[PDB]
Structures are given as C-alpha cells and as structure tokens.
Amino acid sequence: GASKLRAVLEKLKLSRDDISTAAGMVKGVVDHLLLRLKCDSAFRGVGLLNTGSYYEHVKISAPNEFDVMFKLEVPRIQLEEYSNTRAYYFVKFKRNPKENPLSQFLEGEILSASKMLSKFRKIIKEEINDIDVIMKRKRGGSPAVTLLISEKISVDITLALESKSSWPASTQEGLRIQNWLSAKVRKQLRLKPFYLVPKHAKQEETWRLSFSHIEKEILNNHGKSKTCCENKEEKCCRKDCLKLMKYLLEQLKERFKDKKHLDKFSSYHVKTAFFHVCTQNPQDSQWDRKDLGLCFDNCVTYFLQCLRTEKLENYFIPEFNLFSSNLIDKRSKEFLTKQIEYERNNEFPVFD
Ligand SMILES: CCCc1cc(=O)n2nc(NCc3ccc(-c4ccccc4)cc3)nc2[nH]1
Ligand SMILES: [Zn+2]
C-alpha cells in the first residue's frame, strides 16, 4: 500500500520539528570559528554557504548530526580537469594582484588544498580549546574538520571555494530539467556560482565540483506548475519520496555496518537517482500525494535498475558514472540490490 510510508514520514517529521537546543550549541561554535578565520589573511572572505541555515542534516535519521560549509570567494580562477575525471580539478589563477590572499598556498602554479586545509585546521584547532568542544582528524579531504559538542552533537565542516564564473565544460549537457522546470530556469541556475571542495579519486591536489545549492533550490521549487505544493489542490509527494529513499539507504547502511559492502554508498547515490526520476516524470499529476506508494516504488525500481546495469550518471556531469566498476565493485552493488529487493517484497521492515 501507501499507509505505512506516511507513518514513517510522520515519525521523521516529529523528530525534525521537536524542540532541541542542538542548533543553538552549533550556532555559537560556528560564529566563533567564522570570526577567528575572518581576522586572518587567507580566510578573510570566509562565510557560511547558506546564511540562516546552521541546522543542515545530511542523515535524515540522525537529528544530532550537523553538516556545515564554509565558502571562500576565489576570484579569477583557472581550472584544469584532472586525468579526464570530469568532476576533479586543479586550481590555478589568472594572476593580476599576484600577492593574492591565497598565494601562500600555491605549490608552483597549482593551488595546494592540503596547505590550505592545514592552516584552516590549525586556526580551528587553536579556537576549540579557547571555548565543551573537541575535534577529530578524518581522512578523505572534505569534511576537513569534525566537531563534537557534548555527547550526541556532531558537526562536519567543509571548506569550499566559490567561483562566480561559468560552470566547467563537463556540465554543459547536465542539469536536464528543461522539460520539467523549463529551459528558462536552467539558464538562471547555471548563472549561479559553483563550489570546489578538496577531494581526490583514491593522492593529488584536486578539487571536486559541488552543487549543494542547486539541489536545495530545485527542492524548494520542484514543480512543473509554479503553484506546486502551495495549496490543497497541488500537494505532491516528491520530497516525501526523496526522504523515504534517504531513510531506506541509511537503515540498510546501519543494519549492515559490520560488513563493509554498503560503505561506498551514500545519499549522493540516492539523491541523483530521485532527480533522474524527476526528469523521467516531469508532470505534477505523476507525483500526486495519493500515489505516495506507487511513486516511491518507481524511485526504488529506477535505483534498482541503476545498481543492476552499473549505471548512475551524475545529474550535472552526465559522463561521470557514480556506479562505475572502479568506484563501486559488482559484489557491493549486488549485495545492495538483494537487500532492497528483500525490503520491497517484505513491506519495507526497516520502516517499522
Ligand atoms: C541533485 C543530485 C545530487 C547532487 C547534489 C550535489 O550537491 N552535487 N554536486 C555534484 N558535483 C559533481 C560530483 C561528482 C561526483 C561525486 C561523487 C559522489 C559519490 C561518490 C563518488 C563521487 C559528487 C559530486 N553532483 C551533485 N549531485
Ligand atoms: Zn510539490
């Protein structure tokens, strides 16, 4: 049916809307960090990616785990695509006022992420002690810093570069929303800046393109009809589908944390699948609140087709396959397929 999914969705909203001092603990820590990074040569133009929002939650099950982004406006950037990866880039500068605020991190002509991250970490490490806050150092690149307030509160900090120039060539054929959100909206969205986060593909001074802000924007204005979800008549189940798929992967990832099979999968994989189903189903009538279950099943069916065909194109970079053999091995994909197919056929036990 579509009854139980609603109760999952009610439990999820009640935790989310519940009164907690958590966001206030987070707010004080980040405002203090931002004030200390600003009175420093390299990070004087630092700020929160989305102001007003400190309470950003990636894990839809964990109301105690926060994720924050620190954007840095980098003017006159030159990017070089690393090893034809389409999403991984070197950072160079057009060079006009040569003694630019980030010249101190230049390793030759290429901008060192590691050098920039070390200073960012060193500035934060020295401000935590000054404050109940403690930091942990975790590999990968970004999140750079991870903070722990009290016992349950956890905060991931990601350093990002902001570029107000045109999106790289690898995105040219991406964001295929023309028949859903319109060609007018695509051009507007693509006029918006883009972010680079420190990341590699297994170790160089590379940066991955990030479009968190586009995702947030589309989600808060997701209909073909401009009035979608504003009234009683136009209530769609798009966000509810996204939430249920996110919960599904989070529940399976917890259920199988002892084994390492679902370690490569994340919300990126679940978000990208949903957005591809949004393109496939552009009409609001295809997302009626009465069809929750049928709608959710088409999301689960598409994701299942992606795992099996080993194909999940990045929504912005269509040549980047999230499900490639070098990214995720067949063994890990087949383990996930079987786990979901059992969930589909047993009235999703994880959701109770
Ligand atoms: C709306 C669709 C979801 C979405 C949100 C967002 O914020 N972004 N930002 C990018 N940028 C390129 C990019 C390329 C690859 C990976 C990746 C992920 C996992 C494993 C291995 C690689 C992550 C980012 N794509 C997205 N898609
Ligand atoms: Zn809607």
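Counting convention: from 1, in listed order, for ligands and their atoms alike. Positions are given from 1, in the same order as the sequence printed here.
When each atom of ligand 1 is checked for a heavy atom of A87 under 4.0 Å away, the hits are 14 (C). Atoms of ligand 1 lying under 4.0 Å from at least one heavy atom of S210, given by number and element, are 9 (N). Annotation for ligand 1: atoms under 4.0 Å from non-hydrogen atoms of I317 are 12 (C).
Between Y82 and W207, a ring centre-to-centre spacing not shorter than 6.0 Å is recorded. You'll find the ring centres of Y247 and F351 inside the 6.0 Å limit. Close placement of the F120 and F43 rings is indicated, their centers lying within 6.0 Å of each other. Between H200 and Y88, the distance from one ring center to the other does not fall under 6.0 angstrom. A ring-centre distance under 6.0 Å is not found for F335 and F265.
The nearest heavy-atom contact from the protein to atom 5 (C) of ligand 1 is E215 OE1, 3.6 Å. At the shortest separation from atom 15 (C) of ligand 1 among protein heavy atoms lies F320 CE2, 3.6 Å. Protein heavy atom in closest approach to atom 21 (C) of ligand 1: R208 NH1, 3.8 Å. Scanning the protein heavy atoms around atom 7 (O) of ligand 1, the nearest turns out to be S212 N, 3.0 Å. Closest to atom 4 (C) of ligand 1 among all protein heavy atoms lies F316 CE1, 4.0 Å. At the top of the distance list for atom 25 (N) of ligand 1, counting protein heavy atoms only, stands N314 ND2, 3.0 Å.
The option from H269, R86, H276 that lies nearest to atom 20 (C) of ligand 1, judged by heavy atoms, is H269.
When rounded to 10 degrees, the angle formed at the Zn ion (ligand 2) by SG (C229) and SG (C236) equals 110°.
At a cut-off of 2.8 Å, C237 does not coordinate the Zn ion (ligand 2) through any N, O or S atom.
Close N/O approach between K271 and ligand 1 is not found [any backbone or side-chain N/O within under 3.5 Å]. Looking at ligand 1, you'll find an N or O of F211 within less than 3.5 Å of one of its N or O atoms. Between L209 and ligand 1, at least one pair of N/O atoms sits closer than 3.5 Å.
Geometrically, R208 engages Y268 in a cation-pi contact, judged by NZ or CZ lying under 6.0 Å from the ring centre and within 45° of the ring axis.
Checking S114 against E205 by side-chain atom types alone, a donor-acceptor pair falls below 3.5 Å. Between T146 and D156, the side chains place a donor N or O and an acceptor N or O closer than 3.5 Å (distance only, hydrogens not considered). With no hydrogens or angles considered, no side-chain donor-acceptor pair links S166 and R190 at under 3.5 Å.
Side-chain heavy atoms closer than 4.5 Å link hydrophobic residues (I, L, V, M, F, W, Y) into clusters, and following such links, even through other members, never connects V68 to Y195.
The closest approach of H222 to the Zn ion (ligand 2), by N/O/S atoms, is made by NE2.
Under 4.0 Å from ligand 1, not a single heavy atom of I218 appears.
Residues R255 and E343 are paired through a salt bridge, judged by an N-O separation under 4.0 Å between the basic side chain and the carboxylate.
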